[PDB]
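First, one chain by itself in structure tokens, the form deposited in one PDB entry.
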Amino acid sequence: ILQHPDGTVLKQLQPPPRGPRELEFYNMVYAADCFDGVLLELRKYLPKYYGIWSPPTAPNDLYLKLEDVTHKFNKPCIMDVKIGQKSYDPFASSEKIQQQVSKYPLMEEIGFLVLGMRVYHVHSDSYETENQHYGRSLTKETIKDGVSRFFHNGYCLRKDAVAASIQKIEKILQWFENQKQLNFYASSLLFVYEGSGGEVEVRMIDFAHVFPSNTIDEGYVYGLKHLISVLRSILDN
């Protein structure tokens, strides 16, 4: 993710087929002449999309120009959570399914995976980052405390940010409850709150594996609900 002139980010297209599919997804959702109510509502929950972008002298080098969802924050605390029971898509080979399940074999049970987090700590004026291996080490036994860490400034548990996150996720859940045209695999939610009350961004990102469907995205729904339940339990801390 690169920064660009302010308020936006450039996301480089992943290698094919992933990049082209993510391009296609944003193009579909933000089609000028789209009057599909499902897709118009979905725009609210994504970064605003400004189209394909390439450097002036490098048409080969393909990015998505996207809203910087952290732009309005002073000291943003950010968590990326992959959502769903399966992070492989409907046309994955046996090798690919195994490859994806082995990255985090608890995906079916938990329905989400923390990809990373960056948390501003007040006491030290510094950031604490967790990588891929943090969330992949979390179990049913440790997921609640694993998620809680995101809302720790090192003075208090930010239950205001936790409650706001639940309320924002609930809207996304409602959108999923009201559509049967897209299924999302290996897609994520980006949570942002202010680390420097109740002010949160939750946006959907990572759309290299979104496919046409004629069913409710049940794995996504499962994950969102479990994530809501975990966040809700954290409000009892």
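Take the two forms, superpose them, and find the largest set of C-alpha atoms that agree within 1.5 Å; that set is the rigid core. The numbering used is simple: start at 1 and walk along the sequence shown.
Another form, the form deposited in another entry, is not on view; read the next lines as being about it.
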### Query
Hey, after the core superposition between the shown form and the other one, which of 85, 132, 148, 167 has the C-alpha moving 2 angstroms or more?
167
### Message
With a threshold of 2 Å on the C-alpha, tell me if residue 179 counts as moved between the shown form and the other one once the core is superposed.
### Response
yes
### Message
Does residue 40 move appreciably between the shown form and the other one, meaning a CA displacement of 2 Å or more on the superposed rigid core?
### Response
no
#### Entry: Core-aligned C-alpha movement of residue 157 between the shown form and the other one, 2 Å or more
yes
#### Entry: Sense of CA distance change between residue 72 and residue 164 in the other form, threshold 3 Å
farther
### Note on residue 112-residue 169 C-alpha separation in the other form, which departs from the shown form by 3 angstroms or more
farther
